[PDB]
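One chain comes next, on its own, written out as structure tokens in the form deposited in one PDB entry.
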């Protein structure tokens, strides 16, 4: 029920890249989901702003919304593909995999 890391299975075979992409054709990206409320566990590593927002939402939920569960650390993946010129490319893309979730 609380802010945590749940799966997200990304299938590049929908993407329409079939003539070009070699690997990976699928990868585990994860996503962040769940309530952001007291108590803010230490792994949510809340900013000062998030603590203050969470407090205000707790004192009067009509005035102020809760913070939100989102990725706080992400990591790259690399994709092996053939380009138009027919070169074999292996390229790193940043921010592809959620490594940690947090309330923000």
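Residue numbers count along the first chain shown, from 1. Note that the rigid core is defined as the largest set of C-alphas that superpose within 1.5 Å between two forms.
Item to complete: Using the B-factor values recorded in the entry, state whether the Cα atom of residue 72 falls in the lowest, middle or highest third among the modelled residues of its chain.
Response: Residue 72: CA B-factor falls in the highest third of its chain.
Fill in: Chain third (lowest, middle, highest) by recorded CA B-factor, residue given as residue 101
Middle third, going by the recorded CA B-factors of the chain.
Discussion item. Splitting the chain's C-alpha B-factors into thirds, which one does residue 88 fall into?
Written reply: Its C-alpha B-factor belongs to the lowest third of this chain's values.
Worksheet entry | residue 25 by Cα B-factor - lowest, middle or highest third of the modelled chain | According to the entry, residue 25 has a C-alpha B-factor in the chain's lowest third.
Fill in: Chain thirds of CA B-factor: placement of residue 37
Middle third, going by the recorded CA B-factors of the chain.
Quick note: we don't show the form deposited in another entry, though the next part is all about it.
Item to complete: Would you indicate which listed residue, out of 75, 78, 47, 63, moves its Cα by 2 Å or more between this form and the one not shown relative to the superposed core?
Response: After core superposition, the one over threshold is 63.
Practice prompt. Once the core is aligned, please say if the CA of residue 21 is shifted by at least 2 angstroms between this form and the one not shown.
Written response: Superposed on the core, residue 21 moves its C-alpha 2 Å or more between this form and the one not shown.
Worksheet item: Does the distance between the two CA positions of residue 11 reach 2 Å or more between this form and the one not shown, the core being superposed?
Response: Shift at residue 11: below 2 Å after core fit.
Worksheet item: Relative to the superposed rigid core, does the CA atom of residue 87 travel 2 Å or more between this form and the one not shown?
Response: Yes: residue 87 shifts by at least 2 Å between this form and the one not shown.
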